[PDB]
Amino acid sequence: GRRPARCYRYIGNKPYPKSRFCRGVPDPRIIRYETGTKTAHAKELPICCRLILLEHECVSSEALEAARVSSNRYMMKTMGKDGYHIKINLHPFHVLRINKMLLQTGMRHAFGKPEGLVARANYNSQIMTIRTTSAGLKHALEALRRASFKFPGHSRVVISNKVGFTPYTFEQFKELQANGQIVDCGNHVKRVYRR
Amino acid sequence: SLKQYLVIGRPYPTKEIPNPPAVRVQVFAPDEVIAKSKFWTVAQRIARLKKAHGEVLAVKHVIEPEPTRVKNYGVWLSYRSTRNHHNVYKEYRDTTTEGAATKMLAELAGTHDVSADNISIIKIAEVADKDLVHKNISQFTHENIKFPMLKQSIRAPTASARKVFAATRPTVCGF
Amino acid sequence: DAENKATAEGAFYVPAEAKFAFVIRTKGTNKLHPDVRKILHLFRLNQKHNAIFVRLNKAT
Amino acid sequence: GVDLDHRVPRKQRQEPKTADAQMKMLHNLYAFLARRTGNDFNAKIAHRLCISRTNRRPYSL
Amino acid sequence: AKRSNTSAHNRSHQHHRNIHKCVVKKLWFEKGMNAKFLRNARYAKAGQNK
Amino acid sequence: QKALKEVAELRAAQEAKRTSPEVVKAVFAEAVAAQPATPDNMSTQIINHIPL
Amino acid sequence: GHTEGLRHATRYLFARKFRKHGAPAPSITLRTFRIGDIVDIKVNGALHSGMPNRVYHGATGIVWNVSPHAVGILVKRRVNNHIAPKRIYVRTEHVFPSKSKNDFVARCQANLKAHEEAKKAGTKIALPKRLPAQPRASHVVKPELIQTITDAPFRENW
RNA sequence: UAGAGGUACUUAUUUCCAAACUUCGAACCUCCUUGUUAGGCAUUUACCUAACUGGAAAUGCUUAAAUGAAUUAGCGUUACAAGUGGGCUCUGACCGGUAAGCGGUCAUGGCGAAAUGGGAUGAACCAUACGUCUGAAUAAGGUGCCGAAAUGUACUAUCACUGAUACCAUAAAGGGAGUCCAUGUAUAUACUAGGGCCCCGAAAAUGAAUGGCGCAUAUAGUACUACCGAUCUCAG
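Numbers given for residues start from 1 on each chain and follow the written sequence, which can depart from the numbering in the entry; residues without coordinates are excluded. Key to labels: chains lettered from A, ligands numbered from 1, both in the order written. For clarity, the chains displayed are a part of a larger assembly, and the values are limited to that part. Side-chain measures were taken over the full set of non-hydrogen atoms in the model, leaving aside hydrogen atoms and water. Residues with missing side-chain atoms are left out of burial classes, side-chain pairs and their counts.

For this entry, the PDB record names cryo-EM as the structure determination method and reports a resolution of 3.2 Å.

Written out as structure tokens, the structure is:
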């Protein structure tokens, strides 16, 4: 099954990805990182709403899929697959290991086979987002409150100043749009550098 | 105790730019030697000026025009606690700017439990009675203030004349 | 007077820096790094509460 | 508490380890001179009389 | 059975009790060097003293 | 001991200039001039939601 | 699995910088050496005949032999207790004229320039020497830009 | 990871990564130099050069001018021989492990072989490393009583079968119109950005330990003096 995740919280080795050398690895629990109206716009869904982690530790793949399903099913219930856009901004690349044990040969040839994927967070790493309209900003905060109980440690839910997932404030966005320096890609904002 | 200081410093002349901009910082420290080090902390942190290339021109000690009378003091500060930074406007009633700043380091260490390492003041200034908006300090600017001294002290009037016996019992009533 | 001249003008008289110092050894011998007691042996400050005058330049 | 190196690396022979009268006697003669006249010649003759028999090698004719 | 493999804790201490600078006797090393050079360097010295 | 009486006087004569009513109000005016403008709002994040 | 090979743990030593691959310029082969000359060994990763060891990369020595393509270099490795001498042979394409002495030799000739020219007028000499960076004379400073630095109120900005 | 633009690929982007990826690249390190340096003169060579009144090298002569960073310090060399070849560990860096008073390395320090004082008690932590004595003033650490020394002065919090001084002798995620301080708005009042202290979350076996007694302004923070206190320091 699994260990309790208090086993694999803090980081006591170098990072250990899926590669030539690791070999016998099971694939992660996550497939979809991103749900809702993916094909939308910066201008259509300006209001954004992040979940920031306040610890330096490992986050499991099992936590991140629990957080997606609890996020979707609240936002499906309230407003009904139109406005919202959910995204997950951790990708689990670190592979865990086990000594197994299950007569026995314990602590001899201690290196162990990979058990599961994990994501290494950093103090103030955003581990989730919800982009939405001003009508359902209320619903976005109540979603990320529920998603925070999935994750280890403690974790602040924050309304961002900046538009979309773009790195531009609402004050800056009108000045660049007006200037005509910025442009619109199918999704997100692509700047014009005049070169 | 803390003394208000004004420190002005500058970077050395390069051949590219002789006579650069100097910069001043208001600092609060027990003596002239500590006041330099508080200046180099704030100058490095903000205006990008290091100890290893800069003069320091004038440590001016700010004495009060009058310490005879009482003034109100607004103190805008940030203080840092684990996981967050908070901005607070707090105010005080005192003879001088230093004694207000010495008060709030005790009050933050008391009430919020943060040391002077974490605290970073924005603005101290004296403030009039009209613009003053906090209720517990506004009461002392009114006329006809009575409060009793409930709970008197038992101390020695001089440290020679203390004693650990008494025939009669002391009365600690306000009266 | 060189200080009081500059204040009346506008400027600042910055003073001359200290040409030498006086260096009390405060802490004793033991639990100490070998580079950092090679350096004390060069000032001849071997015992606790010892002192000499030391000239100030970017070497010292 | 003082930081010094207390050990002696170098001993030196001060007076002779012979139990003769005569070698001990004329050591004190040239020791007396080597001090008092203050000269490089007599200082060497004083010290040569200190040193063991192996180092006093037999200088052939 | 299983005791320690190595340590370097107090290698530094022992080395510094005494890192004596071993000085070279002379810069030429006539076992090495070109023979054709040293061959001629003999006939410089041999011709001079006569 | 004659010289260190004279130097004691001259260093004390500077403290007459430092604690004069004329000089102290200039230094306090410099300290009042140095302080920044009053902040309208505290709080970590202002939060602006202008349409577009 | 610790190994004691010749070219071991030299992934990045004998790498060839970046846009400096290929053979060297033929100006390098035209350069000359002498006995007594101070030279620094740093390696061409390309030219494989007559390398030094990995250890004597970035290592100053003195030339003692010179030979048709290669230079015998005396270099002081630190052994265990003591500083041993090591007689290297190594090719000229791993060897450059070191600028250790060029501070010293500049001063000696600059001193003789001063010591002679003092006597030419004569007159009488002041003696120059090197000196660490020294604490400053007093002097007076007027600026006319004075900013007033203060700490701002903290805001998150995400 | 996920869209847009072209004819599954592809041109620009984007979310987010690598001990066995690198187009950039620190800190900390490391190695060489710092007194003799410029010449000029003419012998030697079977070597080098097309050639010698050249080169290369060593032998002497000599023309000039000086001892040309800091701080410290006498330096060099040989012989004979003991014990040892189980180590352990604080603070940081690290490999394996769920973790360990676990196993294996690294740097300085400590113990082993180091007393004395302090942490009630302790090999390892802090002050300090010691002849026998007599004083003074201190360090670490302390000053209700046990216990030598202020229940010190000035300023803020706290009611709980509760709290009480590094290493250290355990407590988390998550809650609270308890109280104090507090951010932004709306109309004395409603809505909350939060912060401390206190409470809940919080259950083991002999009767039980902030060291004890006890305290509630002897609890939690902050500032400034006085004072006790080591085999250190100083004086004899």
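I'm lost on the overall build of chain E in this one. Help?
The way it works is that DSSP assigns letters per residue, a run of H or I at least four long becomes a helix, a run of E at least two long becomes a strand, and they are numbered from the N terminus. Within chain E, the secondary structure is distributed over two helices and zero strands. A radius of gyration in this sense is built from C-alpha atoms; the matching globule rule multiplies 2.2 Å by the number of residues raised to 0.38. Its C-alpha atoms give chain E a radius of gyration of 24 Å, more than 25% over the compact-globule value 10 Å for 50 residues. Along the three orthogonal principal directions, the C-alpha set of chain E runs to about 75 × 25 × 10 Å. Counting across all 50 residues of chain E, residues that qualify as buried make up 8%. In the form shown here, chain E has an accessible surface area of approximately 5,200 Å², with 51% of it arising from carbon and sulfur atoms. The cut-offs for exposure are 20% and 50% of the maximum accessible area for each residue type, with area from a 1.4 Å probe on protein chains only; residues under the lower value are buried, those over the upper are exposed, and the others partly exposed. Working definition of accessibility: Shrake-Rupley area with a 1.4 Å probe, residue cover restricted to the visible protein chains.

Which parts of the structure should I look at to understand the overall build of chain D?
Secondary structure assignment for chain D yields two helices and zero strands. Its C-alpha atoms give chain D a radius of gyration of 16 Å, more than 25% over the compact-globule value 10 Å for 61 residues. A burial count over chain D gives 13% of its 61 residues as buried. Only carbon and sulfur atoms are counted for the fraction: they give 52% of the accessible area of chain D, which is about 6,000 Å². Counted as positive: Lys and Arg. Counted as negative: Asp and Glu. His and the chain ends are not counted at all. Charge coordinates come from a single atom per side chain, which is NZ of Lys, CZ of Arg, CG of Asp or CD of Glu. When the 13 basic and 5 acidic side-chain charges of chain D are each reduced to a single mean position, those positions are 10 Å apart.

Got a minute to help me understand the layout of surface pockets in this structure?
Gaps left between atoms show up when a probe the size of a water molecule is rolled over them. With a 1 Å grid laid over protein atoms only, a set of points is called a cavity when a 1.4 Å probe fits there but cannot get out and a pocket when it is open yet has protein on both sides within 12 Å along at least five of seven lines; lining residues have an atom within 4 Å of a point. Grid points are joined across faces, edges and corners, and a volume is the space filled by probe spheres set on the points. Taken as a whole, the second largest pocket holds about 1,000 Å³ of empty space. Lining of the second largest pocket is provided by 37 residues; of these, B:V42, B:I119, B:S120, B:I121 and G:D151 occupy positions nearest its centre. Breaking the lining of the second largest pocket down by element, the ones donating at least two residues are β2 (22-29), α1 (32-45), β4 (71-81), α2 (97-111) and β6 (120-127) of chain B. Classification convention: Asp, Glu, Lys, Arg as charged; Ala, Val, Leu, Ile, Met, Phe, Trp, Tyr, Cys, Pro as nonpolar; all other residues, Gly among them, as polar. Its residues assigned to classes, the lining of the second largest pocket shows 20 nonpolar, ten polar and seven charged.

It is not clear to me how the interface of chain G and chain E should be interpreted in this structure. Could you clarify?
A common way to report how large an interface is uses the accessible area buried once the components associate. Contacts are residue-level and defined by heavy atoms, with any inter-residue pair within 4.5 Å sufficient. Tallying the contact residues gives 18 residues for chain G and 16 residues for chain E. The term buried area denotes the loss of accessible surface (1.4 Å probe radius) that occurs when two parts are joined, taken as the sum for both partners. A buried area of about 1,500 Å², summed over both sides, lies between chain G and chain E, and 60% of it is on carbon and sulfur atoms. When the buried area of chain G at its contact with chain E is split by residue, G:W64, G:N81 and G:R87 rank highest and sum to 33% of it. In the sections that follow, a salt bridge refers to a side-chain nitrogen of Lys or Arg positioned within 4 Å of a carboxyl oxygen of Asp or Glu. The tally of links between chain G and chain E comes to zero salt bridges. Polar contact is the term for a pair of N or O atoms within 3.5 Å; when the atoms are in protein, one must be able to donate a hydrogen and the other to accept it, and sequence-neighboring residues count only if both atoms are side-chain atoms. The interface formed by chain G and chain E holds five residue pairs in polar contact in total. Elements that contribute at least two residues to the side of chain G that touches chain E include exactly β2 (59-67) and β4 (86-91) of chain G.

Got a minute to help me understand the environment of G:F18 in this structure?
Residue and element names in this part refer to chain G. Secondary-structure assignment places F18 in the segment before β1 (38-41). For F18, a relative accessible area of 62% gives the class exposed. Placed 106 residues apart in sequence, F18 and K124 show a C-alpha to C-alpha distance of 56 Å.

Explain helix α3 (residues 170-179) of chain A here, please?
Residue pairs spaced three or four apart in an α-helix point in one direction, given the helix's 3.6 residues per turn. All names here are of chain A. Among the residues of α3, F170, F173 and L176 are the ones counted as buried. Down the axis, α3 shows its buried residues gathered within 125° of arc, on one side only. Away from its buried face, by an angle of more than 90 degrees, α3 presents the exposed residues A178 and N179. Residues of α3 that are buried make contact with β2 (47-53), β9 (182-184) and β10 (189-191). Backbone geometry just after α3 places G180 at a positive phi near 90°. The directions considered for the arc run from the helix axis to the C-beta atoms.

Can you help me understand the nonpolar core in this one?
Generally speaking, nonpolar side chains in soluble globular proteins are found buried as a group. Residues and elements named next belong to chain A. Membership of the largest hydrophobic core comes to 35 residues, with the highest contact counts inside it found for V59, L64, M128, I130, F151 and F173. Counting only elements with at least two residues in this core, the list comes to β2, α1 (61-78), β7 (125-132), α2 (137-148) and α3. Not counting residues within four places of it along the chain, the set of residues in contact with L64 comprises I30, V59, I88, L90, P92, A119, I127 and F151. The term nonpolar core refers to a set of buried residues drawn from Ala, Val, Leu, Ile, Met, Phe, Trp, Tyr and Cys, joined through side-chain atoms within 4.5 Å.

Can you walk me through the arrangement of the chains in this structure?
Among twelve pairs of chains with at least one contact, chains E and G form the most extensive contact set. Between chain A and chain D there is no contact, and the shortest C-alpha to C-alpha distance separating them is 42 Å. If you take every C-alpha in chain B and every C-alpha in chain D, the smallest gap between them is 32 Å, and the two do not touch.

What's the story with the sheet that holds strand β4 (residues 85-87) of chain A in this structure? I'm lost.
The strands that make up a sheet are held in pairs by hydrogen bonds between backbone atoms, and each pair lies either parallel or antiparallel. Residue and element names in this part refer to chain A. Pairing between two strands requires that DSSP report at least two bridges joining them. Strand order across the open sheet formed by five strands is β1-β4-β7-β2-β8, with antiparallel pairing between neighbours. In this open sheet, the two edge strands, each paired with only one partner strand, are β1 (34-36) and β8 (155-159). Each strand axis lies, on average, 15° off the axis of its neighbour in the sheet, ignoring direction. Bridge analysis of β4 against β7 gives three bridges, and the strand direction is antiparallel. The residue of β7 that forms the bridge with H85 is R131. The convention used is that axes are lines fitted to C-alpha atoms, helices contributing only their stretch in contact, and that angles between N-to-C directions extend from 0 to 180 degrees.

Any chance you could explain the protein's contact with RNA strand H here in plain terms?
Proximity criterion: a residue is near a molecule or strand once any of its heavy atoms comes within 4 Å of it. Taken together, the neighbourhood of RNA strand H is formed by 117 residues, with A:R3, E:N40, G:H115, G:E116 and G:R130 sitting nearest. Backbone sugar and phosphate groups make up 75% of those atoms of RNA strand H lying within 4 Å of the protein. In the model, a sugar or linking oxygen of RNA strand H is placed 2.9 Å from a nitrogen or oxygen of the E:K2 side chain. Measuring from a phosphate oxygen of RNA strand H, one finds a side-chain N or O atom of G:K129 at 3.2 Å. Broken down by secondary-structure element, the contributors of at least two residues to the surface near RNA strand H are β5 (94-98) of chain A, β4, β5 (84-94) and α2 of chain B, α2 (34-42) of chain C, α2 (35-49) of chain E together with α1 (102-121) of chain G. The greatest single-element share of the surface near RNA strand H, amounting to nine residues, is contributed by α1(G). Grouping the constituent residues of the surface near RNA strand H by class yields 39 nonpolar, 47 polar and 31 charged.

Looking at this structure, how should I read the pattern of salt bridges?
Note that side chains of opposite charge can pair when their charged atoms are close. Under the counting rule described, the total for this entry stands at 13 salt bridges over all chains. Among the ionic pairs, A:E34 bridges to A:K87, the shortest N-O distance being 2.8 Å. In this pair, A:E34 sits in strand β1 while A:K87 sits in strand β4, placing the two residues 53 residues apart along the sequence. For A:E34, a relative accessible area of 24% translates into the label partly exposed. Put simply, F:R18 and F:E15 hold a salt bridge, and the shortest N to O gap is 4.0 Å. Taken as a pair, F:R18 and F:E15 lie in helix α1 (residues 3-18) at a separation of three residues, close to a single helical turn. Given the relative accessible area of 43%, F:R18 is considered partly exposed. Given the relative accessible area of 45%, F:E15 is considered partly exposed. Residues participating in the shared-partner salt-bridge network are A:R2, A:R29 and A:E62.

Please clarify how the interface of chain B and chain G should be interpreted in this entry.
On the side of chain G, 15 residues touch chain B, which itself brings 22 residues to the contact. Counting each side, the surface lost to burial between chain B and chain G is near 1,700 Å², with a carbon and sulfur contribution of 59%. Here chain B is connected to chain G by one salt bridge. Across the pair G:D151 and B:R45 runs a salt bridge whose closest N-O atoms are separated by 3.7 Å. At the boundary of chain B and chain G, one finds six residue pairs in polar contact. Only β2, α1, β3 (55-61), β5 and β6 of chain B provide two or more residues apiece to the side of chain B that touches chain G. When residues of the side of chain B that touches chain G are assigned to their parent elements, the largest contribution, four residues, is made by β2(B).

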